């Protein structure tokens, strides 16, 4: 029952309207069907499905289910929505056609519930649909003025040398909203939720300077929804409208004074999130270790 987290998401109009417009686009396929809402939160996605032709089962392990039952009751969906607190533990009233789920995290796979979505697909899904059914992208960034201040602070802390703290600052990823992207973007990996857990621990990339100082990489993820034959999508990149996911910044140990045409080539390893990235800067070689805790 932390209301800020539910507010943040509902106030993310890009996120919420994407799920709504995807349900409406496929409302013919929602008609007279059984929907499972993984991580229903307040139940907004469940109410969307039920009003547009769907029974919907919402499963969230938070105490917010008590509020969801009250909201579902107040808007006249009590006969079409059954909410259960607790997915590997709950017992569905039905042995499902459509899976709607809001599962994405900051780095897509940081605090994501995709493991639960794959579980729902493998155990409850009939050709069934999966809203949404995603890719991670990255590019170079200029953050020299902000980064230098954060690092300079530790040279003198009330007289004491706090220099060994600097490696901590370089290792922590930064979730923030990034004009300052000065390289081309590359695609790290694709995920098809219909066929993809072992695939999550996983890529090479190549970036070329478009003009600047390069101090790190900004990363985001794209989302695509299923659509009938002949799709609703949205991005969380610095070139797209704001989302509550923002972007994830990884700093370099060294600051590259690059000119146009220079290249940053690398290999990113992601494993349970431990992120090790080896770089090559051609105009040389460096690495970066980051931990999401």
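Residue numbers count along the first chain shown, from 1.
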Length class of the unmodelled deposited segment, which would lie between residue 178 and residue 179: 1 to 3
Between residue 126 and residue 127 - deposited residues without coordinates, as a size class: 1 to 3
What stretch has the higher average Cα B-factor here, 76 to 84 or 218 to 226? 76 to 84
Can you tell me which stretch has the higher mean Cα B-factor, 111 to 119 or 154 to 162? 111 to 119
Selection by C-alpha B-factor (highest) of 263, 243, 248, 46: 263
So among 253, 231, 58, 237, who wins on Cα B-factor in the entry? 253
Name the third of the chain's ranked CA B-factors that contains residue 277, choosing lowest, middle or highest. highest
Is residue 67 in the lowest, middle or highest third of its chain when residues are ranked by C-alpha B-factor? middle
Third assignment of residue 200 from its chain's C-alpha B-factors: middle
Chain-relative C-alpha B factor for residue 287 (record values, thirds): the highest
Within-chain third of residue 209 by Cα B-factor, per the entry: highest
